[PDB]
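S.K.: Data: input_33.cif, mmCIF, N, CA, C and O atoms.
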```cif
data_model
#
loop_
_atom_site.label_atom_id
_atom_site.label_comp_id
_atom_site.auth_asym_id
_atom_site.auth_seq_id
_atom_site.Cartn_x
_atom_site.Cartn_y
_atom_site.Cartn_z
N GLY A 4 -13.76 -99.72 -20.61
CA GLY A 4 -13.96 -100.08 -19.22
C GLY A 4 -15.18 -99.44 -18.59
O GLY A 4 -15.18 -99.15 -17.40
N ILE A 5 -16.23 -99.23 -19.39
CA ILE A 5 -17.49 -98.74 -18.84
C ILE A 5 -18.04 -99.80 -17.90
O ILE A 5 -18.23 -100.96 -18.29
N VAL A 6 -18.29 -99.42 -16.65
CA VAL A 6 -18.82 -100.35 -15.66
C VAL A 6 -20.09 -99.76 -15.06
O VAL A 6 -20.21 -98.54 -14.90
N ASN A 7 -21.04 -100.64 -14.78
CA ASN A 7 -22.27 -100.21 -14.13
C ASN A 7 -21.97 -99.85 -12.68
O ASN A 7 -21.29 -100.59 -11.97
N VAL A 8 -22.44 -98.68 -12.26
CA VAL A 8 -22.26 -98.26 -10.87
C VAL A 8 -23.39 -98.90 -10.09
O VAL A 8 -24.58 -98.66 -10.38
N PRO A 9 -23.08 -99.73 -9.11
CA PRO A 9 -24.13 -100.59 -8.55
C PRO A 9 -25.10 -99.85 -7.66
O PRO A 9 -26.31 -100.08 -7.74
N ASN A 10 -24.60 -98.95 -6.81
CA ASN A 10 -25.48 -98.07 -6.05
C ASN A 10 -25.16 -96.64 -6.45
O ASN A 10 -24.06 -96.13 -6.18
N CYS A 11 -26.12 -95.98 -7.08
CA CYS A 11 -25.90 -94.69 -7.69
C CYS A 11 -26.49 -93.54 -6.89
O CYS A 11 -26.47 -92.40 -7.36
N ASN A 12 -27.00 -93.80 -5.69
CA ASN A 12 -27.54 -92.73 -4.85
C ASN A 12 -26.68 -92.47 -3.62
O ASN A 12 -27.16 -91.97 -2.61
N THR A 13 -25.39 -92.79 -3.70
CA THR A 13 -24.46 -92.31 -2.71
C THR A 13 -24.21 -90.81 -2.92
O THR A 13 -24.56 -90.23 -3.96
N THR A 14 -23.56 -90.19 -1.93
CA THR A 14 -23.30 -88.76 -2.02
C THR A 14 -22.50 -88.41 -3.27
O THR A 14 -22.76 -87.39 -3.92
N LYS A 15 -21.54 -89.26 -3.66
CA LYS A 15 -20.69 -88.91 -4.79
C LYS A 15 -21.50 -88.77 -6.07
O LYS A 15 -21.35 -87.80 -6.82
N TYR A 16 -22.40 -89.72 -6.34
CA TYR A 16 -23.14 -89.62 -7.59
C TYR A 16 -24.34 -88.69 -7.47
O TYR A 16 -24.77 -88.11 -8.47
N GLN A 17 -24.89 -88.53 -6.27
CA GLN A 17 -25.90 -87.48 -6.12
C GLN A 17 -25.28 -86.11 -6.35
O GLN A 17 -25.88 -85.23 -6.98
N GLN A 18 -24.05 -85.92 -5.86
CA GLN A 18 -23.36 -84.65 -6.08
C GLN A 18 -23.12 -84.39 -7.55
O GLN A 18 -23.39 -83.29 -8.06
N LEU A 19 -22.64 -85.41 -8.27
CA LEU A 19 -22.47 -85.29 -9.72
C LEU A 19 -23.77 -84.92 -10.40
O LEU A 19 -23.80 -84.04 -11.27
N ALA A 20 -24.87 -85.60 -10.06
CA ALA A 20 -26.14 -85.28 -10.71
C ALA A 20 -26.61 -83.86 -10.37
O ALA A 20 -27.09 -83.13 -11.25
N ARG A 21 -26.47 -83.45 -9.11
CA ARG A 21 -26.88 -82.10 -8.75
C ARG A 21 -26.02 -81.07 -9.47
O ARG A 21 -26.52 -80.02 -9.90
N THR A 22 -24.73 -81.36 -9.64
CA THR A 22 -23.89 -80.41 -10.37
C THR A 22 -24.32 -80.31 -11.81
O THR A 22 -24.39 -79.21 -12.36
N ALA A 23 -24.67 -81.46 -12.44
CA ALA A 23 -25.13 -81.41 -13.82
C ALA A 23 -26.42 -80.61 -13.93
O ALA A 23 -26.60 -79.82 -14.87
N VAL A 24 -27.32 -80.78 -12.96
CA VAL A 24 -28.59 -80.07 -13.02
C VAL A 24 -28.35 -78.56 -12.89
O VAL A 24 -29.00 -77.77 -13.58
N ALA A 25 -27.42 -78.17 -12.03
CA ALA A 25 -27.11 -76.75 -11.82
C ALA A 25 -26.55 -76.11 -13.08
O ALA A 25 -26.89 -74.97 -13.43
N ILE A 26 -25.65 -76.84 -13.75
CA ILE A 26 -25.07 -76.36 -15.00
C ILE A 26 -26.15 -76.22 -16.06
O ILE A 26 -26.24 -75.21 -16.76
N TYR A 27 -26.98 -77.26 -16.23
CA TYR A 27 -28.09 -77.14 -17.16
C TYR A 27 -28.99 -75.97 -16.80
O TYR A 27 -29.39 -75.20 -17.68
N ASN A 28 -29.32 -75.81 -15.51
CA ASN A 28 -30.25 -74.74 -15.14
C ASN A 28 -29.66 -73.39 -15.49
O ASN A 28 -30.40 -72.45 -15.82
N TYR A 29 -28.34 -73.27 -15.40
CA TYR A 29 -27.71 -71.98 -15.69
C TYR A 29 -27.76 -71.69 -17.19
O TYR A 29 -28.13 -70.59 -17.61
N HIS A 30 -27.44 -72.69 -18.01
CA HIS A 30 -27.39 -72.48 -19.45
C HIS A 30 -28.78 -72.28 -20.03
O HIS A 30 -28.97 -71.47 -20.94
N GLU A 31 -29.76 -73.05 -19.55
CA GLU A 31 -31.09 -73.06 -20.15
C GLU A 31 -32.07 -72.19 -19.40
O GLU A 31 -33.27 -72.23 -19.70
N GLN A 32 -31.59 -71.39 -18.44
CA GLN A 32 -32.45 -70.57 -17.59
C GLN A 32 -33.64 -71.38 -17.07
O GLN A 32 -34.75 -70.88 -16.92
N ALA A 33 -33.39 -72.67 -16.82
CA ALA A 33 -34.42 -73.57 -16.35
C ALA A 33 -34.43 -73.58 -14.82
O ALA A 33 -33.65 -72.88 -14.15
N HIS A 34 -35.35 -74.37 -14.27
CA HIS A 34 -35.53 -74.50 -12.84
C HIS A 34 -35.84 -75.95 -12.50
O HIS A 34 -36.85 -76.27 -11.87
N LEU A 35 -34.96 -76.85 -12.95
CA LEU A 35 -35.04 -78.25 -12.56
C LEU A 35 -34.54 -78.44 -11.13
O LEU A 35 -33.62 -77.75 -10.66
N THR A 36 -35.17 -79.39 -10.44
CA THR A 36 -34.74 -79.81 -9.12
C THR A 36 -34.42 -81.29 -9.16
O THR A 36 -35.29 -82.10 -9.48
N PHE A 37 -33.19 -81.64 -8.79
CA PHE A 37 -32.83 -83.06 -8.79
C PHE A 37 -33.68 -83.82 -7.78
O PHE A 37 -33.98 -83.31 -6.69
N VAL A 38 -34.11 -85.04 -8.15
CA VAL A 38 -34.91 -85.92 -7.27
C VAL A 38 -34.09 -87.13 -6.81
O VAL A 38 -33.94 -87.36 -5.61
N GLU A 39 -33.60 -87.94 -7.74
CA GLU A 39 -32.89 -89.18 -7.43
C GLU A 39 -32.27 -89.73 -8.71
O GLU A 39 -32.73 -89.46 -9.82
N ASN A 40 -31.21 -90.52 -8.54
CA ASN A 40 -30.60 -91.18 -9.68
C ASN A 40 -31.30 -92.49 -9.91
O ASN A 40 -31.75 -93.14 -8.97
N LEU A 41 -31.35 -92.89 -11.17
CA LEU A 41 -31.97 -94.16 -11.57
C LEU A 41 -30.93 -95.20 -11.97
O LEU A 41 -30.95 -96.32 -11.44
N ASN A 42 -30.04 -94.87 -12.89
CA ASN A 42 -28.93 -95.74 -13.27
C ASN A 42 -27.70 -94.87 -13.42
O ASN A 42 -27.81 -93.67 -13.69
N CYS A 43 -26.53 -95.48 -13.29
CA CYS A 43 -25.28 -94.75 -13.48
C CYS A 43 -24.21 -95.71 -13.97
O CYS A 43 -24.11 -96.83 -13.47
N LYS A 44 -23.44 -95.28 -14.97
CA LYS A 44 -22.28 -96.01 -15.44
C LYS A 44 -21.08 -95.09 -15.36
O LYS A 44 -21.22 -93.86 -15.42
N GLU A 45 -19.91 -95.67 -15.19
CA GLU A 45 -18.73 -94.83 -15.09
C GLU A 45 -17.59 -95.49 -15.84
O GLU A 45 -17.52 -96.71 -15.95
N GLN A 46 -16.70 -94.65 -16.37
CA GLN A 46 -15.50 -95.12 -17.05
C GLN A 46 -14.34 -94.27 -16.55
O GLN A 46 -14.25 -93.09 -16.90
N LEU A 47 -13.47 -94.85 -15.73
CA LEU A 47 -12.47 -94.09 -15.01
C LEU A 47 -11.10 -94.30 -15.62
O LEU A 47 -10.74 -95.42 -16.00
N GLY A 48 -10.33 -93.22 -15.73
CA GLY A 48 -8.93 -93.35 -16.06
C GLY A 48 -8.61 -93.61 -17.51
O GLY A 48 -7.45 -93.87 -17.82
N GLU A 49 -9.58 -93.53 -18.42
CA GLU A 49 -9.31 -93.83 -19.81
C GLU A 49 -9.33 -92.61 -20.72
O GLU A 49 -9.08 -92.75 -21.92
N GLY A 50 -9.59 -91.42 -20.18
CA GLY A 50 -9.61 -90.23 -21.01
C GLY A 50 -8.25 -89.58 -21.12
O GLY A 50 -7.66 -89.19 -20.10
N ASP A 51 -7.74 -89.47 -22.35
CA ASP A 51 -6.47 -88.81 -22.66
C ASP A 51 -6.75 -87.51 -23.41
O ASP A 51 -7.73 -87.42 -24.16
N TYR A 52 -5.93 -86.49 -23.19
CA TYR A 52 -6.13 -85.21 -23.85
C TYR A 52 -4.82 -84.75 -24.46
O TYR A 52 -3.78 -84.82 -23.81
N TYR A 53 -4.88 -84.27 -25.70
CA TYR A 53 -3.70 -83.79 -26.40
C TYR A 53 -3.93 -82.35 -26.79
O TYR A 53 -5.00 -82.01 -27.28
N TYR A 54 -2.94 -81.49 -26.51
CA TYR A 54 -3.02 -80.08 -26.87
C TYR A 54 -1.92 -79.83 -27.89
O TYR A 54 -0.74 -79.83 -27.54
N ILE A 55 -2.31 -79.61 -29.13
CA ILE A 55 -1.38 -79.60 -30.25
C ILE A 55 -1.43 -78.24 -30.90
O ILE A 55 -2.51 -77.76 -31.27
N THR A 56 -0.28 -77.58 -31.02
CA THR A 56 -0.15 -76.39 -31.83
C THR A 56 0.47 -76.81 -33.16
O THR A 56 1.54 -77.41 -33.17
N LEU A 57 -0.20 -76.48 -34.27
CA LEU A 57 0.29 -76.90 -35.56
C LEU A 57 0.21 -75.79 -36.60
O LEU A 57 -0.62 -74.88 -36.51
N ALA A 58 1.02 -75.94 -37.64
CA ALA A 58 0.95 -75.10 -38.83
C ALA A 58 0.20 -75.84 -39.92
O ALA A 58 0.37 -77.04 -40.06
N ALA A 59 -0.60 -75.10 -40.68
CA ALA A 59 -1.39 -75.68 -41.76
C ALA A 59 -1.57 -74.62 -42.82
O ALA A 59 -1.70 -73.43 -42.50
N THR A 60 -1.55 -75.04 -44.09
CA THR A 60 -1.76 -74.13 -45.20
C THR A 60 -3.18 -74.31 -45.71
O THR A 60 -3.72 -75.41 -45.69
N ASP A 61 -3.78 -73.21 -46.15
CA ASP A 61 -5.15 -73.28 -46.62
C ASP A 61 -5.16 -73.47 -48.14
O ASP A 61 -4.11 -73.70 -48.76
N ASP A 62 -6.35 -73.37 -48.73
CA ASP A 62 -6.52 -73.58 -50.17
C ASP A 62 -5.72 -72.58 -50.99
O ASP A 62 -5.24 -72.91 -52.08
N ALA A 63 -5.57 -71.35 -50.50
CA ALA A 63 -4.82 -70.33 -51.21
C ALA A 63 -3.32 -70.40 -50.96
O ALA A 63 -2.58 -69.54 -51.46
N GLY A 64 -2.84 -71.39 -50.21
CA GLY A 64 -1.43 -71.54 -49.94
C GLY A 64 -0.91 -70.75 -48.75
O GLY A 64 0.26 -70.91 -48.40
N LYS A 65 -1.76 -69.93 -48.11
CA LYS A 65 -1.41 -69.16 -46.91
C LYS A 65 -1.32 -70.06 -45.68
O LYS A 65 -2.20 -70.88 -45.42
N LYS A 66 -0.26 -69.87 -44.89
CA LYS A 66 0.03 -70.69 -43.73
C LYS A 66 -0.35 -69.97 -42.43
O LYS A 66 -0.32 -68.74 -42.36
N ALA A 67 -0.72 -70.74 -41.42
CA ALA A 67 -1.19 -70.17 -40.16
C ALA A 67 -0.98 -71.19 -39.06
O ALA A 67 -0.79 -72.38 -39.33
N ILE A 68 -0.99 -70.71 -37.83
CA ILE A 68 -0.91 -71.55 -36.63
C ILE A 68 -2.32 -71.84 -36.14
O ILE A 68 -3.15 -70.93 -36.06
N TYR A 69 -2.58 -73.11 -35.79
CA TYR A 69 -3.84 -73.57 -35.22
C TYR A 69 -3.54 -74.26 -33.90
O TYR A 69 -2.49 -74.89 -33.76
N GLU A 70 -4.43 -74.12 -32.91
CA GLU A 70 -4.41 -74.92 -31.68
C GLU A 70 -5.61 -75.86 -31.65
O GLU A 70 -6.75 -75.42 -31.81
N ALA A 71 -5.34 -77.14 -31.38
CA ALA A 71 -6.37 -78.18 -31.35
C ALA A 71 -6.31 -78.86 -29.99
O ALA A 71 -5.21 -79.16 -29.50
N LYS A 72 -7.46 -79.09 -29.38
CA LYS A 72 -7.55 -79.94 -28.21
C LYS A 72 -8.29 -81.21 -28.61
O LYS A 72 -9.38 -81.11 -29.19
N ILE A 73 -7.69 -82.36 -28.37
CA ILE A 73 -8.17 -83.66 -28.87
C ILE A 73 -8.34 -84.56 -27.67
O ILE A 73 -7.46 -84.60 -26.80
N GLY A 74 -9.47 -85.23 -27.59
CA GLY A 74 -9.72 -86.22 -26.56
C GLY A 74 -9.66 -87.58 -27.21
O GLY A 74 -10.16 -87.76 -28.32
N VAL A 75 -9.01 -88.52 -26.53
CA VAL A 75 -8.83 -89.89 -27.01
C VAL A 75 -9.26 -90.84 -25.90
O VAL A 75 -8.85 -90.68 -24.74
N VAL A 76 -10.09 -91.82 -26.24
CA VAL A 76 -10.36 -92.93 -25.35
C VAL A 76 -9.99 -94.19 -26.13
O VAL A 76 -10.73 -94.59 -27.03
N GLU A 77 -8.82 -94.78 -25.82
CA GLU A 77 -8.23 -95.79 -26.70
C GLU A 77 -9.08 -97.04 -26.75
O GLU A 77 -9.21 -97.67 -27.80
N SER A 78 -9.64 -97.42 -25.60
CA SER A 78 -10.44 -98.63 -25.53
C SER A 78 -11.63 -98.57 -26.47
O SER A 78 -12.04 -99.60 -27.03
N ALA A 79 -12.21 -97.39 -26.66
CA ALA A 79 -13.36 -97.22 -27.54
C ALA A 79 -12.96 -96.80 -28.94
O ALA A 79 -13.85 -96.57 -29.78
N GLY A 80 -11.66 -96.70 -29.23
CA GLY A 80 -11.20 -96.17 -30.50
C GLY A 80 -11.67 -94.76 -30.78
O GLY A 80 -11.68 -94.33 -31.94
N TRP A 81 -12.06 -94.03 -29.76
CA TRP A 81 -12.65 -92.72 -29.97
C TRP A 81 -11.56 -91.65 -30.02
O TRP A 81 -10.69 -91.61 -29.14
N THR A 82 -11.59 -90.82 -31.06
CA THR A 82 -10.73 -89.61 -31.11
C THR A 82 -11.64 -88.45 -31.48
O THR A 82 -12.33 -88.52 -32.50
N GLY A 83 -11.70 -87.41 -30.66
CA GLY A 83 -12.63 -86.32 -30.90
C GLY A 83 -11.92 -84.99 -30.77
O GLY A 83 -11.03 -84.84 -29.94
N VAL A 84 -12.29 -84.05 -31.63
CA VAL A 84 -11.71 -82.70 -31.51
C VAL A 84 -12.62 -81.90 -30.61
O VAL A 84 -13.82 -81.79 -30.88
N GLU A 85 -12.08 -81.36 -29.52
CA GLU A 85 -12.90 -80.54 -28.66
C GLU A 85 -12.73 -79.06 -28.94
O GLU A 85 -13.68 -78.29 -28.77
N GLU A 86 -11.55 -78.68 -29.42
CA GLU A 86 -11.32 -77.31 -29.82
C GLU A 86 -10.40 -77.31 -31.04
O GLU A 86 -9.51 -78.15 -31.14
N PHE A 87 -10.63 -76.38 -31.97
CA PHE A 87 -9.72 -76.20 -33.10
C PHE A 87 -9.81 -74.72 -33.48
O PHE A 87 -10.80 -74.30 -34.10
N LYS A 88 -8.81 -73.94 -33.05
CA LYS A 88 -8.84 -72.50 -33.20
C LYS A 88 -7.66 -72.00 -34.02
O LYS A 88 -6.53 -72.49 -33.89
N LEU A 89 -7.93 -70.99 -34.84
CA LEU A 89 -6.88 -70.26 -35.52
C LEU A 89 -6.24 -69.31 -34.52
O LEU A 89 -6.94 -68.62 -33.77
N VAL A 90 -4.91 -69.29 -34.51
CA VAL A 90 -4.15 -68.55 -33.51
C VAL A 90 -3.39 -67.39 -34.12
O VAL A 90 -3.27 -66.34 -33.49
N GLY A 91 -2.83 -67.56 -35.32
CA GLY A 91 -1.99 -66.51 -35.88
C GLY A 91 -1.47 -66.83 -37.26
O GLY A 91 -1.29 -68.00 -37.61
N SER A 92 -1.22 -65.80 -38.04
CA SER A 92 -0.75 -65.98 -39.40
C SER A 92 0.76 -66.18 -39.47
O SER A 92 1.54 -65.49 -38.79
N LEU A 93 1.18 -67.08 -40.36
CA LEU A 93 2.59 -67.33 -40.61
C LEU A 93 3.07 -66.73 -41.93
O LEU A 93 4.13 -67.11 -42.42
N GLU A 94 2.33 -65.81 -42.52
CA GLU A 94 2.82 -65.15 -43.72
C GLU A 94 3.46 -63.82 -43.36
O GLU A 94 2.90 -63.05 -42.57
N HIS A 95 4.64 -63.55 -43.92
CA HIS A 95 5.34 -62.28 -43.67
C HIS A 95 4.55 -61.12 -44.28
O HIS A 95 4.72 -59.97 -43.88
#
```
Would it be possible to restate this file's structure as structure tokens?

M.R.:
Amino acid sequence: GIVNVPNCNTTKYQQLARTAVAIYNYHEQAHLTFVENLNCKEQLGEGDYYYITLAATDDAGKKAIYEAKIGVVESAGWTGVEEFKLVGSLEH
């Protein structure tokens, strides 16, 4: 459901762009100044997130707990892992 945003220089999308610029400026120690938006597309309400704690054994047979955060956008068939962390050992 990606749709073209017809007017992209309203306060809502200017705010989004300025927030993105601020985040980039913080990470990259840059000094960008937002000017204006050129095009904008939006896809609303289609992002699903799953937080799964699972057990898994490794090549040596040792078992452990993992936490995974998974994003799914069904319309695009997209499934992506955003986090996959080892949490704790399940061996006595």

S.K.: In Å to one decimal, how far is atom O of residue A:30 from atom C of residue A:12?

M.R.: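 Between these atoms lies a distance of 27.3 Å.
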
S.K.: In the coordinate frame of the file, compute which residues have an atom within 8 Å of (-16.0, -96.8, -17.9) when using all atoms listed in the file, and state them as a compact mmCIF listing (two decimals) with N, CA, C and O atoms, in the coordinates of the input.

M.R.:
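Saved as out07.txt:
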```
# COMPACT_ATOMS: atom_id res chain seq x y z
N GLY A 4 -13.76 -99.72 -20.61
CA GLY A 4 -13.96 -100.08 -19.22
C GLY A 4 -15.18 -99.44 -18.59
O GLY A 4 -15.18 -99.15 -17.40
N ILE A 5 -16.23 -99.23 -19.39
CA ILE A 5 -17.49 -98.74 -18.84
C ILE A 5 -18.04 -99.80 -17.90
O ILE A 5 -18.23 -100.96 -18.29
N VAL A 6 -18.29 -99.42 -16.65
CA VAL A 6 -18.82 -100.35 -15.66
C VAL A 6 -20.09 -99.76 -15.06
O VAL A 6 -20.21 -98.54 -14.90
N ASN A 7 -21.04 -100.64 -14.78
CA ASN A 7 -22.27 -100.21 -14.13
C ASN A 7 -21.97 -99.85 -12.68
O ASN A 7 -21.29 -100.59 -11.97
N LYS A 44 -23.44 -95.28 -14.97
CA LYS A 44 -22.28 -96.01 -15.44
C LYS A 44 -21.08 -95.09 -15.36
O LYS A 44 -21.22 -93.86 -15.42
N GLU A 45 -19.91 -95.67 -15.19
CA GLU A 45 -18.73 -94.83 -15.09
C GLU A 45 -17.59 -95.49 -15.84
O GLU A 45 -17.52 -96.71 -15.95
N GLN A 46 -16.70 -94.65 -16.37
CA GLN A 46 -15.50 -95.12 -17.05
C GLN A 46 -14.34 -94.27 -16.55
O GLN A 46 -14.25 -93.09 -16.90
N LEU A 47 -13.47 -94.85 -15.73
CA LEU A 47 -12.47 -94.09 -15.01
C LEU A 47 -11.10 -94.30 -15.62
O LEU A 47 -10.74 -95.42 -16.00
N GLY A 48 -10.33 -93.22 -15.73
CA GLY A 48 -8.93 -93.35 -16.06
C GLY A 48 -8.61 -93.61 -17.51
O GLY A 48 -7.45 -93.87 -17.82
N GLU A 49 -9.58 -93.53 -18.42
CA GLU A 49 -9.31 -93.83 -19.81
C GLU A 49 -9.33 -92.61 -20.72
O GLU A 49 -9.08 -92.75 -21.92
```

S.K.: Which residues fall under the PyMOL selection byres ((chain A and resi 77-85) around 7) in this file, as an MDAnalysis selection string?

M.R.: chainID A and resid 4 49:51 71:76 86:87

S.K.: By how many Å are atom C of residue A:65 and atom CA of residue A:53 apart?

M.R.: 23.8 Å

S.K.: Atom C of residue A:39 and atom N of residue A:26 are how many Å apart?

M.R.: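 Computed distance, atom C of residue A:39 to atom N of residue A:26, equals 15.3 Å.
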
S.K.: Could you write out, as a list in words, all the residues of stretch 11-70 of chain A that DSSP marks as helix (DSSP H, G or I)?

M.R.: residues 14, 15, 16, 17, 18, 19, 20, 21, 22, 23, 24, 25, 26, 27, 28, 29 and 30 of chain A

S.K.: If the PyMOL selection byres (((chain A and resi 67 and name CA) around 6) and name CA) were run on this exact file, what residues would it hold? Put them as a PyMOL selection string.

M.R.: chain A and resi 58-59+66+68+91-93

S.K.: Near residue A:20, counting only N, CA, C and O atoms, which residues have an atom at most 8 Å away, once you skip same-chain residues fewer than 4 positions from it, shown as a list in words?

M.R.: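 With the cut-off at 8 Å, the set is residues 11, 13, 14, 15, 16, 24, 25, 26, 27, 36, 37, 38, 39 and 40 of chain A.
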
S.K.: Could the residues in this selection be saved with N, CA, C and O atoms as a PDB file, in the coordinates of the input?

M.R.:
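Below is the file result-v3.pdb, written as the result:
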```pdb
ATOM      1  N   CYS A  11     -26.120 -95.980  -7.080  1.00  0.00           N
ATOM      2  CA  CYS A  11     -25.900 -94.690  -7.690  1.00  0.00           C
ATOM      3  C   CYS A  11     -26.490 -93.540  -6.890  1.00  0.00           C
ATOM      4  O   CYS A  11     -26.470 -92.400  -7.360  1.00  0.00           O
ATOM      5  N   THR A  13     -25.390 -92.790  -3.700  1.00  0.00           N
ATOM      6  CA  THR A  13     -24.460 -92.310  -2.710  1.00  0.00           C
ATOM      7  C   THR A  13     -24.210 -90.810  -2.920  1.00  0.00           C
ATOM      8  O   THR A  13     -24.560 -90.230  -3.960  1.00  0.00           O
ATOM      9  N   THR A  14     -23.560 -90.190  -1.930  1.00  0.00           N
ATOM     10  CA  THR A  14     -23.300 -88.760  -2.020  1.00  0.00           C
ATOM     11  C   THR A  14     -22.500 -88.410  -3.270  1.00  0.00           C
ATOM     12  O   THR A  14     -22.760 -87.390  -3.920  1.00  0.00           O
ATOM     13  N   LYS A  15     -21.540 -89.260  -3.660  1.00  0.00           N
ATOM     14  CA  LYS A  15     -20.690 -88.910  -4.790  1.00  0.00           C
ATOM     15  C   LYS A  15     -21.500 -88.770  -6.070  1.00  0.00           C
ATOM     16  O   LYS A  15     -21.350 -87.800  -6.820  1.00  0.00           O
ATOM     17  N   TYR A  16     -22.400 -89.720  -6.340  1.00  0.00           N
ATOM     18  CA  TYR A  16     -23.140 -89.620  -7.590  1.00  0.00           C
ATOM     19  C   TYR A  16     -24.340 -88.690  -7.470  1.00  0.00           C
ATOM     20  O   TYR A  16     -24.770 -88.110  -8.470  1.00  0.00           O
ATOM     21  N   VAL A  24     -27.320 -80.780 -12.960  1.00  0.00           N
ATOM     22  CA  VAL A  24     -28.590 -80.070 -13.020  1.00  0.00           C
ATOM     23  C   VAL A  24     -28.350 -78.560 -12.890  1.00  0.00           C
ATOM     24  O   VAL A  24     -29.000 -77.770 -13.580  1.00  0.00           O
ATOM     25  N   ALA A  25     -27.420 -78.170 -12.030  1.00  0.00           N
ATOM     26  CA  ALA A  25     -27.110 -76.750 -11.820  1.00  0.00           C
ATOM     27  C   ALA A  25     -26.550 -76.110 -13.080  1.00  0.00           C
ATOM     28  O   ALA A  25     -26.890 -74.970 -13.430  1.00  0.00           O
ATOM     29  N   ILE A  26     -25.650 -76.840 -13.750  1.00  0.00           N
ATOM     30  CA  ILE A  26     -25.070 -76.360 -15.000  1.00  0.00           C
ATOM     31  C   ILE A  26     -26.150 -76.220 -16.060  1.00  0.00           C
ATOM     32  O   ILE A  26     -26.240 -75.210 -16.760  1.00  0.00           O
ATOM     33  N   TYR A  27     -26.980 -77.260 -16.230  1.00  0.00           N
ATOM     34  CA  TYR A  27     -28.090 -77.140 -17.160  1.00  0.00           C
ATOM     35  C   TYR A  27     -28.990 -75.970 -16.800  1.00  0.00           C
ATOM     36  O   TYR A  27     -29.390 -75.200 -17.680  1.00  0.00           O
ATOM     37  N   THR A  36     -35.170 -79.390 -10.440  1.00  0.00           N
ATOM     38  CA  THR A  36     -34.740 -79.810  -9.120  1.00  0.00           C
ATOM     39  C   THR A  36     -34.420 -81.290  -9.160  1.00  0.00           C
ATOM     40  O   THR A  36     -35.290 -82.100  -9.480  1.00  0.00           O
ATOM     41  N   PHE A  37     -33.190 -81.640  -8.790  1.00  0.00           N
ATOM     42  CA  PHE A  37     -32.830 -83.060  -8.790  1.00  0.00           C
ATOM     43  C   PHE A  37     -33.680 -83.820  -7.780  1.00  0.00           C
ATOM     44  O   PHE A  37     -33.980 -83.310  -6.690  1.00  0.00           O
ATOM     45  N   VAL A  38     -34.110 -85.040  -8.150  1.00  0.00           N
ATOM     46  CA  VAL A  38     -34.910 -85.920  -7.270  1.00  0.00           C
ATOM     47  C   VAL A  38     -34.090 -87.130  -6.810  1.00  0.00           C
ATOM     48  O   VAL A  38     -33.940 -87.360  -5.610  1.00  0.00           O
ATOM     49  N   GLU A  39     -33.600 -87.940  -7.740  1.00  0.00           N
ATOM     50  CA  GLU A  39     -32.890 -89.180  -7.430  1.00  0.00           C
ATOM     51  C   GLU A  39     -32.270 -89.730  -8.710  1.00  0.00           C
ATOM     52  O   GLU A  39     -32.730 -89.460  -9.820  1.00  0.00           O
ATOM     53  N   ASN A  40     -31.210 -90.520  -8.540  1.00  0.00           N
ATOM     54  CA  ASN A  40     -30.600 -91.180  -9.680  1.00  0.00           C
ATOM     55  C   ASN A  40     -31.300 -92.490  -9.910  1.00  0.00           C
ATOM     56  O   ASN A  40     -31.750 -93.140  -8.970  1.00  0.00           O
TER      57      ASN A  40
END
```

S.K.: Would you output stretch 51-59 of chain A from that structure, restricted to N, CA, C and O atoms, as a short mmCIF file (atom, residue, chain, number, x, y, z; two decimals), in the first residue's frame?

M.R.:
```cif
data_model
loop_
_atom_site.label_atom_id
_atom_site.label_comp_id
_atom_site.auth_asym_id
_atom_site.auth_seq_id
_atom_site.Cartn_x
_atom_site.Cartn_y
_atom_site.Cartn_z
N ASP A 51 4.23 -5.01 10.86
CA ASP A 51 4.01 -5.91 12.00
C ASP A 51 5.35 -6.23 12.64
O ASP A 51 6.38 -6.28 11.97
N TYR A 52 5.36 -6.42 13.96
CA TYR A 52 6.60 -6.72 14.67
C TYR A 52 6.38 -7.91 15.58
O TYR A 52 5.37 -7.97 16.29
N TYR A 53 7.32 -8.84 15.57
CA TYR A 53 7.24 -10.03 16.39
C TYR A 53 8.46 -10.08 17.29
O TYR A 53 9.57 -9.84 16.83
N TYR A 54 8.24 -10.32 18.59
CA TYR A 54 9.33 -10.42 19.55
C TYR A 54 9.31 -11.85 20.06
O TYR A 54 8.41 -12.24 20.82
N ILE A 55 10.31 -12.63 19.67
CA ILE A 55 10.30 -14.07 19.87
C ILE A 55 11.49 -14.44 20.73
O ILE A 55 12.63 -14.09 20.40
N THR A 56 11.24 -15.12 21.85
CA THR A 56 12.30 -15.74 22.62
C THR A 56 12.32 -17.22 22.26
O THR A 56 11.30 -17.89 22.37
N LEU A 57 13.48 -17.72 21.83
CA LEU A 57 13.57 -19.10 21.41
C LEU A 57 14.82 -19.79 21.93
O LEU A 57 15.84 -19.16 22.23
N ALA A 58 14.75 -21.11 21.97
CA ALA A 58 15.90 -21.96 22.26
C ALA A 58 16.45 -22.50 20.96
O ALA A 58 15.69 -22.84 20.06
N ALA A 59 17.77 -22.61 20.88
CA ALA A 59 18.44 -23.10 19.68
C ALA A 59 19.73 -23.76 20.11
O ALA A 59 20.38 -23.30 21.06
#
```
